């Protein structure tokens, strides 16, 4: 019902007073001052609070899901790449939902290959204009195409990625759970209900948590593929899928590097600023996104047990790239910058520096010599070739020698 877009505040001066919850102080009040105390005592407290109160618990599995490598082309893209389709069975029902993962690896590169794991709004054929993914429309019985081959090429830059000697793997988020407020009708959630349960408990996963769990299932296959380097898998997504990729990085330490693509409100942006999008605008307009518990903080940011700098802190010591867009005031770009700045004291526990500047930098001015990178670039809320340029130059610092 309510608007929210026109009620929002975009005026830095009308931003309220606030105090950031202290990331280094435990629940019992003892301050952390060593990485040991962070890993042993404080980090699990913060992981617990984000799992309990905003993203929701996700199933732990006795064993890996079944998958099959259902298609391979070692001469894909005129011999430039090997293309693999991997279907991952998400539930115990083989006619239930599956992740249809699409992996591209460069040919002519010897070792195990670093890979960017991404999650997309649309099906796999939009990632690249791949001409041998082609059967005519008049004979096609498969799902009717809503976009076109390679429509999202500007958001994925496969050519840039292969050129750095890296791979790209992606799946569409609707494989795991449709982005509709439908009580998870056609998603994975009901397959993991107990017999006396007909919707997730208030502390159990919503959609973002399920989509993140999906990336983790894709990593379960990737780490068994002899050509990919299981030590150098990055995660990336944009907007709601940026919120997802940050959570997947936070709750799955296997991932080597995290890319926040305009993750904004309830991503890396500090909620207490109440700038642009707000917790309540979020939960009211997308109630399936977060767990039941999170709705208690509608218009009540003062009472969050945490704020989003502590989410970023879950990444440390691993690197994270925070990307803002100049026109995307809805994401609160300064707030996104401050989400990274608030995490600096944890990274210092590992003897690492910070972003590299004290106040928010001007547009088109990246900082990436520290463990947390930041840019706010010209133009619109999206992931553009400009963003991939910075992403890949940051990744080279960690994956190349």
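Numbering follows the first chain given and starts at 1.
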Take the C-alpha B-factors listed in the entry for 132-140 and for 162-170, compute each mean, and give the stretch with the larger one. 132-140
Of 205-213 and 143-151, the one with larger mean CA B-factor: 143-151
Per the entry, which of 191, 255, 306, 121 tops the list for Cα B factor? 191
Sorting the chain's modelled residues by C-alpha B-factor, tell me whether residue 24 ends up in the lowest, middle or highest third. highest
Going by the recorded CA B-factors, say which third of the chain residue 264 sits in, lowest, middle or highest. middle
Within this chain's modelled residues, let me know which third the CA B factor of residue 394 belongs to: lowest, middle or highest. lowest
On the chain's distribution of Cα B-factors, residue 74 falls within the third called highest
Sort the modelled residues of this chain by their C-alpha B factor and say whether residue 327 lands in the lowest, middle or highest third. middle
